[PDB]
């Protein structure tokens, strides 16, 4: 139906011979597994090698991942095996090419001979010290280590729309992943999304969870998921192809797997993360390049990752599979098996969830009256399983049943 793949990690830029050239060799495996969408890293010239400090946005040849021609071919290959491609869009902030008379880097260069994206400090937000105080105040949060772009500026909107239109029409990207989406307003995001008509979008809105005295996230995370639901409503709800990453489900699942699976049924009997309020708009995941990989800012318990996948890959939401977990952790076949269960049972983003049990050592759940998912160390559950259901997949801390 709709299965995402994050096609990179934090070390990818180092790849001998180039990341894109390397990933070319994995296109068939990705497509064959039932993945429908692959998320590739920011493609522009950037001060930082990973790509999250972009300067010359049209300058794809300066990317550490590989050059313009290589990206285009890689996107062509995914397209040839039916896979859509998502660009990591980093537009909250931008680095400037040249110093003004203050000696501050705030004269931008787009990477082309003409004046596209050749902004100056007037395009920087009002209170950002890289700027000159003439821009509008930031519509969202600030990123302290680079200039924040003033998205209310009319030249900015128009020229970023033109760049996205080139990423789409000429480079061949189909969809966007919005980096640091808290940095600018949903109204600003709506403008870019509506103007470019992507097949799919996902916002990265990452807010710290409120914790109890014991340092664990509160059982109640409604303020956390409400923020996600509010952003999606405000960009147009079902009149938009935009979703948000389910960082509520990530944060809860991180702790629930550690002998606390009762966290996976909220007060109202429903899932406690974004998928429990608006599953169609929730993009779930076990880890990404920030939370895991070599940054490990919020890692999933490493011994329990297949519990993570058993959950996201059978549940409502748009599940996203992380590169390392798929190719480097010895888990390819098990993940592939879960995706095929998902697809042949016709599980989809708005599928229906009925939580059966949620104890410390057990989480059990039926999806669309057709799949039952079990995670945790408790193995004896057959009295809890309805007649007609048979085990179709199992591993360390997980098992899946299908109806007949």
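Residue numbers count along the first chain shown, from 1.
Between 239 to 247 and 264 to 272, it is 264 to 272 that carries the larger average Cα temperature factor according to the deposited entry.
In this entry, 208 to 216 has the higher mean Cα B-factor, the comparison being between 208 to 216 and 140 to 148. The residue among 179, 127, 324, 287 whose C-alpha carries the highest B-factor in the deposited model is 127. Looking at 231, 329, 166, 192, the one whose CA carries the top B-factor in the deposited record is 329. Ranked against the other modelled residues of its chain, the C-alpha B-factor of residue 340 as given in the entry falls in the middle third.
Placement of the Cα temperature factor of residue 157 within the chain: lowest third of the modelled residues, per the deposited record. Ranked within its chain, residue 3 lands in the middle third, by CA B factor from the PDB record. In this PDB entry, the Cα temperature factor of residue 303 sits in the middle third of its chain's modelled residues. Per the deposited record, the Cα B-factor of residue 134 falls in the highest third when ranked against the other modelled residues of its chain.
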